[PDB]
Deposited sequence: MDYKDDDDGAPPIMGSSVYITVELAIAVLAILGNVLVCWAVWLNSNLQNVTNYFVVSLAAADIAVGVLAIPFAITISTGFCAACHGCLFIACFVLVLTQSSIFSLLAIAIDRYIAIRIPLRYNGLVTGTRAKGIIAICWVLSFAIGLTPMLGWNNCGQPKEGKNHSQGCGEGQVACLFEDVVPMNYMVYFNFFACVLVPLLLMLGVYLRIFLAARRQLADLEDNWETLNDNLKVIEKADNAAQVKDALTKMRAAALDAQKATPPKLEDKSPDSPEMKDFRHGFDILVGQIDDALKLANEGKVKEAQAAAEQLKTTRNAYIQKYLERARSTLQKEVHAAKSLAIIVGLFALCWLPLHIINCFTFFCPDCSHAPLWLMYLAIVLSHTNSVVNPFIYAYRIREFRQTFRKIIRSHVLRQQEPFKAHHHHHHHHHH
């Protein structure tokens, strides 16, 4: 009469324990790397530490809770709710952490000269504390009354041998599907994910527009120099230098680059004064000495600004993979709940698929340290130093 339940149960428990060990070790290493390396002690990494803490808690608490809830043991319904809903608190803390990293990177690309004064460590710690408080409120909403404890499965409870106030502790019997689909999936997971997608698109658009603008100014400085060399009128040299001066002051918006631009503006003002006095050849020769400033200062500034923007793109690509990996690990479990709720004429997904979807969502607490080690050089080197010594 069907295979013994302990056979498939033993497979699930061994696999979950294997995930718990890898979720603890890997994320402990992340926290430790940020702790000892001062180069990783930025506001961006305080949210990654919060994300690493939620993943440590998955291995220490959410997985032992998941193994417990699969037995269907008799328990007080509110206690059963805490066992089933605690993982939702950790998941909600993870989406807030991911959303804060995305906004932080958008502030760093849109207003870098205002980033340090706006995004401070003390303000970051305050955001994390408020977000952990809200994660508890959202994740434990069934404990406030939105649960099936009021309407228990009397048949399954008497067969299990449960006493007064006790229920056969099974997730789908205590947590309502309308909460899981509408409140937890649609409003608390899907809406913030779509927002993160929007924010990352705005980061890639800003970097592209800014890079195109740097090349536009560089071309304007070169093609206008060619116009002066080919000029035969006092107006032609004046019109080319006026457009050159506007590009020089726009690109101006360490002290070596600030000084380098002041000599360039100074040389343009020298040639423009000669152009207004009618001296065509003296203005052309004065505009030729701009080539010396271009090679010694302007080319070095353009190259430095380009590398910083390329570094920001590569960094935003790495953190976007993290958001994609969270979606890939949590969407199957969310999509099966949609089928259970919206399709009552459809057969319930098989038990093996349910526990495969639960296992896949838990492997997300193992992947992040690998992405840091493969995509972020600063994390990779700190990991190597910790492992080699200790």
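The deposited sequence has C-alpha coordinates everywhere except the stretches 1-7, 261-275, 413-432.
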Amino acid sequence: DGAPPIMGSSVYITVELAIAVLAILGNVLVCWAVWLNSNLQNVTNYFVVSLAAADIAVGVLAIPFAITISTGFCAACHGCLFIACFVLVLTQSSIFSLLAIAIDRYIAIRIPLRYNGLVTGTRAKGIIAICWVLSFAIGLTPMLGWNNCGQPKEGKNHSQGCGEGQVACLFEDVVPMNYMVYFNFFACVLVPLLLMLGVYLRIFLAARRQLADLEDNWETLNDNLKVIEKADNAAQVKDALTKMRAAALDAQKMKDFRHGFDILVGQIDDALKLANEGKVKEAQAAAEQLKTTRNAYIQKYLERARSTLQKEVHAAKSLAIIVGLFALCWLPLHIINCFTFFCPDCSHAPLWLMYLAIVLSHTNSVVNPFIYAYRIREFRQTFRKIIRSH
From here on, numbers count along this sequence of modelled residues.
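Of the two segments, 153-161 and 177-185, the one listed with the higher mean B-factor is 153-161 (C-alpha atoms only). Of the two segments, 295-303 and 165-173, the one listed with the higher mean B-factor is 295-303 (C-alpha atoms only). Which of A316, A100, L193, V280 has the largest Cα B-factor in the deposited entry comes down to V280.
Among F257, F96, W146, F136, the highest C-alpha B-factor recorded in the PDB entry belongs to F257. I83 sits in the lowest third of its chain by CA B factor, as recorded in the PDB entry. Sort the modelled residues of the chain by CA B factor and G266 lands in the highest third. Ranked by Cα temperature factor within the chain, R245 sits in the highest third according to the deposited record. Ranked within its chain, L205 lands in the middle third, by CA B factor from the PDB record. Among the modelled residues of its chain, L90 has a C-alpha B-factor that falls in the lowest third, as given in the PDB entry.
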